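What follows is a set of notes on a single structure, which appears directly below.
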Amino acid sequence: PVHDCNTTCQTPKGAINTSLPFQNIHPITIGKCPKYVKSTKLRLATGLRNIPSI
Amino acid sequence: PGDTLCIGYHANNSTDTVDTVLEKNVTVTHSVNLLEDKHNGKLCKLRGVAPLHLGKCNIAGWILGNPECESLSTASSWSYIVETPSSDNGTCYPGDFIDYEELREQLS
Amino acid sequence: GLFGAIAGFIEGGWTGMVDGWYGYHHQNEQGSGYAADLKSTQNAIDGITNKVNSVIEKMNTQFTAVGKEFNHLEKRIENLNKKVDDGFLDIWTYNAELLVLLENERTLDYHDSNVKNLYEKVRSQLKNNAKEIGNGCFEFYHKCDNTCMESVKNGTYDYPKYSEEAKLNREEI
Amino acid sequence: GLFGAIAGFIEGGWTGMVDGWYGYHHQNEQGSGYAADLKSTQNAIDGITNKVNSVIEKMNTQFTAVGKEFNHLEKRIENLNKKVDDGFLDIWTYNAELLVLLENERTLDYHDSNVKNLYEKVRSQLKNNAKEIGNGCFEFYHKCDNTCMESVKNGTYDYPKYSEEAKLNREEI
Amino acid sequence: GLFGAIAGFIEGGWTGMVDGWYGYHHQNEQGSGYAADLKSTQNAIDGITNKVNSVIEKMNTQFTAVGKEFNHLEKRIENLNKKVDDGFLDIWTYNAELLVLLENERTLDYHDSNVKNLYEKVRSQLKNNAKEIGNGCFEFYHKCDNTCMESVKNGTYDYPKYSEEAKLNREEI
Amino acid sequence: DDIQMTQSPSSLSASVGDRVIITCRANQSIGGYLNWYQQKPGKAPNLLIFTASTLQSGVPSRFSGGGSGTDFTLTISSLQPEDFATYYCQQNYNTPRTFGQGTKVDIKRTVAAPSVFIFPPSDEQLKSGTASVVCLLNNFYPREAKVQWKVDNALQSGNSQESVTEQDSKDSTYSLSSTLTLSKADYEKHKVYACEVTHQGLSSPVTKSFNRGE
Amino acid sequence: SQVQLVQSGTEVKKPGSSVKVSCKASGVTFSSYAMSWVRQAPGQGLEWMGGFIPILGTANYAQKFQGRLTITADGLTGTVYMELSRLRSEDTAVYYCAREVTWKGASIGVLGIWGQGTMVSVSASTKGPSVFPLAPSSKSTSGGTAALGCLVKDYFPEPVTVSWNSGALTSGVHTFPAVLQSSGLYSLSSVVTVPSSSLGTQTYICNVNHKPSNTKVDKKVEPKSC
Amino acid sequence: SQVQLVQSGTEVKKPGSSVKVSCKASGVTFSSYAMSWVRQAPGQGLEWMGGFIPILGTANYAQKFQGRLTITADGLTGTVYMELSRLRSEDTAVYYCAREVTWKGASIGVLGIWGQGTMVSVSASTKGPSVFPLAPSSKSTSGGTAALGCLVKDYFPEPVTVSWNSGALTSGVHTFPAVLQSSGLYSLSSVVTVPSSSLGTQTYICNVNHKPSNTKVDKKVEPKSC
Ligand SMILES: *[C@@H]1O[C@H](CO)[C@@H](O[C@@H]2O[C@H](CO)[C@@H](O)[C@H](O)[C@H]2NC(C)=O)[C@H](O)[C@H]1NC(C)=O
Ligand SMILES: *[C@@H]1O[C@H](CO)[C@@H](O)[C@H](O)[C@H]1NC(C)=O
Ligand SMILES: *[C@@H]1O[C@H](CO)[C@@H](O)[C@H](O)[C@H]1NC(C)=O
Ligand SMILES: *[C@@H]1O[C@H](CO)[C@@H](O)[C@H](O)[C@H]1NC(C)=O
Ligand SMILES: [Mg+2]
Ligand SMILES: [Mg+2]
């Protein structure tokens, strides 16, 4: 469906945000869009190993 | 005994998990996601301008004047063209649209 | 871990430390509390900042388009277009997943080294004026007030000041 | 090495140790023999397992074909097909060789750290009740039976139990 | 650093050491001077040599050409040629910059480990016959002539030779 | 706890080519976690020094930060016309990024006496229930001056607002306007309104005053 | 390279409301550098409000802004938003955004790249100014030159353009900066030192324009009250 | 994701022979996870036989299987084969293959994903069953209901389908599981508790089919031996 929303990246499945460098929703896009990858999880560790009390 | 001093690291209530080369699902105090896995599920306006919708009638019928392509979006600007997969109405009289693929991007 | 500090002799972390990544816990007559080490935390934050920036800065946004569809005669080129898009897709997906997996372990080991150097700096500073009781703790053989505690953290610690005070307790046992 | 344990103070490995990657050798009144450390070996095996899986899991098999040959008119596209196949071939060959060379050194350093942490765990446990004679060995200053030997390996070692027994031999020299 | 030796307890380097990457500075009755450690320097040079060769050896020169220009009808293939050249350009630029940034930190950490193992080899050799005064220095508790100094550097150091000589000075304080 | 960044001095006047040394002290010892900034009127601040000794890329070598621990400094070897702005010091030690109070640099010229002037409230203004008295000082150097709103030979405090202009390009002087805002009823309860002005150029305090009826 | 931080435009907000200010970067997209927000009251010093660290994903604020400040970031785009609620006239200032980075890479303590600034004004409603002539009596004459001016009082928001004699009288004109009274409205006085030999020759008029209130006034500074 | 281990089909082998069982995975090809083989005798517990570690490239076996077990892997495909020589009737069991992995990555000690199982039967040759009626005498009558059944004895290999009255008699039918005798052949008895008022009214026949031996028999359970 074509709703009256606003976007900078449009895919056949739906519009997506360009706040992250990668996407996996659809390989076909129009506009300034991130790089499509078949990955399901790309999370970069920055903190330490979270070890609570025990 | 007496006075003591210790050295330790920081912990919090984070549930984020990361995958390393040697280990999987490692809990981390902080992390950053590089992959957007969410879509709003609707076709929005690109760069402010709304797209051009056509419905069950395709581009060929729309630009030629198919009688089913009579009442629809008559706009002066559009960011892109949306065609439904069920688009069947179109070149009702049998024939071949010469350079149809070229015209589709020209009218995009 | 790689350096044996996190999940090593220091088995767990402190939930009460909410001001930094690495720090100290003191227990003297005046009181007890947590205090993060400024030098290690700030340098680590900038280092991880540069690590993240080293990955995503060059990965800039691209203008995309559906492009011209392929007619019946344009079959061979259509297959070539499928070949190149799939080739780039397979390479980028493999490299992105592999880089994240490799860098995450290096990031975890980076914290391990930072904690270890903090322990060694305290261990080298105190020398014989404290006892290594394990789990990253140091039972002082002398009297350490708040000024003495901060002196170790600031790096301006004086072994001769409490050398004889500790030596009497060392020779006591 | 990177951690200085393998090919460092421990110059060579044990051929008699056939049950694990890292372990201990004891020499008491009852007897002598080899015994691998379970905690270090099993974790290392899983870690290297994940490292290998991290490389080959995503490298899945592909359906291949000879494809249509190129006629005289299909010269430009034929050159483009040669361009893309050679481009992917050069990239994959370079990345595969480079990754193996880099990861192999990290794998070797991984064993170096695992051995070093095992030595430090024993060194911190025994403290003054043993003498660091080099080459990863520890001459006990007290009487260590089989129960005492396993206590160090299991991590449930008691310094106070043999504190006075070792102290007499320490002050002897 | 990662190992805490360079820019760690050893804050700065020696400008007078012009014969090797890692070495010693002695101060005895006969005189003082700099002397690089042969074992650590030569191995490090070969290792960094192999690291550089591991990157550039496979990156061989390519024969290039302007190629046929594209006519009006050759528009779709011209776009495909632009697609593949840009795709390879983006991948190679990203991988080259990323590899250099990652390997440079590993190279810096490689020197950190090499310095640390040199310090530990001296620290384990001297044991109680010297005092760890910090900054990688060792105040000898006994008399060390030129022969004694080289013995530590060559690795053929004898603790029992100066054990009683140092012990008198240890028990002096 | 928090940190307090105090600079010394707060305002200095120097000529082109004169050495300028601005110091910054701290609540507690901060080692080298200090930075220096420069702000021009109507523009955003610009960084010059970080870690108290590392010059920012693009800053001229004439700027030389220094200090370690509790006391720091910012030295300009050759003061140039483009270095006439305000300077601040900021710390990186603790979470509150405490700034300094600032230090303004002024160009040097001959000491010029002001032109004290007084303006009574307007007739139409006196019909709206408000009365404003304006005291004007024109083309004086240096900036340091004191304005005393004396009413019925009694100085008034808490009712005066001062506005000053930047150094004019030609005369290199300032201009000050002090406004005394008070109600119409309070205006007609007194006769003589005065403006006492003290300044370096004036050997004796020059004061101007007016009566209500005139 | 040559990265520039572009903030949102100047916003005029009623008291007790909430204003959101954006801080967008240029050049390399998808950056994770730490960002900070700093305000500066007109004529006052710099004041640090808070900052965001995308690595930690959290933000830290000063004590006075705890509960009113809400610093958010749009993923890794490098754009950082600032939200301040329960605005008062004391919060009227120029708000800056800065990237924490040096040539040595990321630097958490420094502010290498600054924004363009965003002016925020707070008062109950838009109010037109009023011009009151400053009497050019003989008491305002000294050294052969006289003194006269116009008093602009109780206007909001800034700025106000004041010209003399339809822009003809330029030299000697000193337009003083506005001062925020305790009433929440600004006031300024533009004066000019004219020679004493022109009071009876040239009529003097100040042209005051306030586009926010669409008010334009031209008031004659009549010599003396007569 | 949702990886499933598919083993080879059930194999019937003569004693003293060697059987090879495959264990192929699905989804991600080229895996190096450690694998293990576990057998379970019918009605008994689980018994660990051995395992393979592709990282080490070697295998380790239990003491009882040292010399008879040969666990091999087809490169890194994830398929692992099991070879057992000198098979006996005591080795007749269901053989499982399991992948050693958790959600925390590789786990050498655990068996997260299991196979479908592979039944192996061992006896000298295929032998047809025999049906012996269980006499429904008055001694088998208690509580108003009687008891009768059919005894299937000395058949190999399993399974055998037993139905009553061409499948008509369903309720009250208890077909007992087979038991491996010391002779190496199985035996089972299917019984049914019919009311006492039906011995002289309805004839009872058990339909026994043994497809491996292609033997089908229908034996009347004649009331009493008369
Ligand atoms: C794209 O970004 C917008 C803005 O962040 C998201 O909208 C938010 O969604 C959350 C989740 O329900 C709400 O709580 C917020 O109120 C929404 N607005 C804002 C300003 O945060 C949106 O969900 C995102 N969509 C995708 C597909 O990424
Ligand atoms: C720093 O100054 C502040 C404000 O004067 C004060 O609250 C704080 O206690 C000071 N820090 C000290 C004294 O360590
Ligand atoms: C290094 O410094 C130079 C100038 O000193 C600067 O141009 C360059 O951008 C810096 N490099 C980085 C990565 O910041
Ligand atoms: C991490 O755990 C989740 C569920 O707890 C699981 O779905 C996911 O596959 C796990 N990740 C890995 C790498 O095993
Ligand atoms: Mg709707
Ligand atoms: Mg945290």
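Residue numbers (the authors' numbering), protein chains in the order written: chain D, 273 to 326; chain E, 9 to 55, 55A, 56 to 83, 83A, 84 to 90, 90A, 91 to 113; chain R, 1 to 173; chain H, 1 to 173; chain F, 1 to 173; chain W, 1 to 214; chain U, -1 to 224; chain G, -1 to 224.
Yeah, the Cβ is synthetic: ideal placement off N, Cα and C, and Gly gets one too.
Relative to ligand 5, even the nearest heavy atom lies 7 Å or more away from the CB of E:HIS60. DSSP lists R:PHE138 as the beta-bridge partner residues of R:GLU132.
Contact note: H:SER54 reaches chain R through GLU97, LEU98, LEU101 and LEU102, using a C-beta cutoff of 9 Å and chain order. Of the residues assessed, W:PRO120 falls on the buried side of the cut-off, its CB having 16 or more other CB atoms within 10 angstroms. With a cutoff of 7 Å, E:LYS46 counts as near ligand 1, since its C-beta is closer than that to a heavy atom of the ligand. Counting along the chain, no alpha helix (DSSP H) covers G:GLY73, and no H or E run does either.
Between the segment 90 to 104 of chain F and the segment 41 to 60 of chain R, the count of Cβ pairs shorter than 8 Å is three or higher; the stretches touch. Residue contact with chain R for H:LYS161: absent (no Cβ-Cβ distance below 8 Å to any residue of chain R). For W:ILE118, the uninterrupted beta strand (DSSP E) segment begins and ends at 117 to 119. Among the residues of chain D, none has a CB under 7 Å from the CB of U:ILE69; the nearest is roughly 16 Å distant. Listed as beta-bridge partners of H:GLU120 by DSSP are no residues whatsoever.
Residues of the segment 74 to 93 of chain R with a C-beta less than 7 Å from any C-beta of chain W: none at all. In this structure the segment 19 to 30 of chain E touches the segment 32 to 51 of chain H; the number of beta carbon pairs closer than 8 Å is three or more. With a cut-off of 7 Å, the C-beta of R:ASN28 is classified as distant from ligand 1, since no heavy atom of the ligand falls inside that distance.
Burial check for U:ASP89: the Cβ neighbour count within 10 Å reaches 16 or more, so the residue is buried.
For chain R, the residues of the segment 308 to 325 of chain D that bring a beta carbon within less than 8 Å of one of its beta carbons are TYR308, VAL309, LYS310, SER311, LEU314, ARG315, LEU316, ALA317, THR318, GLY319, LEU320, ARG321, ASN322, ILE323, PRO324 and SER325, in chain order. Relative to ligand 2, even the nearest heavy atom lies 7 Å or more away from the CB of W:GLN7.
By the C-beta density criterion, H:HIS26 is buried, having at least 16 other C-beta atoms within 10 angstroms. For W:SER8, the enclosing beta strand (DSSP E) stretches over residues 6 to 8.
The beta carbon of R:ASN50 falls within 8 Å of a beta carbon belonging to chain U, placing the residue at that interface.
Using a Cβ distance threshold of 8 Å, E:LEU54 and D:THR283 do not count as a contacting pair. Shown here, F:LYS153 sits in a helix according to DSSP, grouped into three states. No heavy atom of ligand 3 is found nearer than 7 Å to the CB of U:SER24.
Taking a cut-off of 8 Å for Cβ pairs, the segment 31 to 48 of chain E and the segment 95 to 115 of chain R touch, as three or more such pairs fall below it. Here the alpha carbons of U:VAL26 and U:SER(-1) stand approximately 8 Å from one another. Proximity of chain U to W:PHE72 at the Cβ level (cut-off 7 Å) is not reached, the minimal Cβ distance being about 14 Å.
Non-local C-beta neighbours of G:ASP216 in its own chain, meaning closer than 6 Å and more than five positions away in sequence, comprise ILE203 and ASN205, ordered along the chain.
Taking 8 Å as the cut-off, the beta carbon of U:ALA60 is found no closer than this to the beta carbon of W:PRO142. Under the three-state reduction of DSSP, F:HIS25 is assigned to strand. A direct Cα-Cα distance of roughly 32 Å separates G:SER187 from G:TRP46. Proximity to ligand 6 was defined by a C-beta distance below 6 Å to any of its heavy atoms, and the residues meeting it, in sequence along the chain, are E:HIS18, E:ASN20, E:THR37, E:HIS38 and U:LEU54. Residues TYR34 of the same chain have their beta carbon placed closer than 6 Å to that of R:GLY16, with the five preceding and five following residues left out of the count.
Excluding the 5 residues flanking it on each side, G:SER30 has same chain C-beta neighbours closer than 7 Å at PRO52, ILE53 and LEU74, in chain order. Boundaries of the beta strand (DSSP E) around E:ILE15: 12 to 17.
In its chain, beyond the 5 residues on either side, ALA91 have a beta carbon closer than 6 Å to the beta carbon of G:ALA39. Cβ neighbours of G:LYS214 within its own chain (closer than 6 Å, five residues either side excluded): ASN207.
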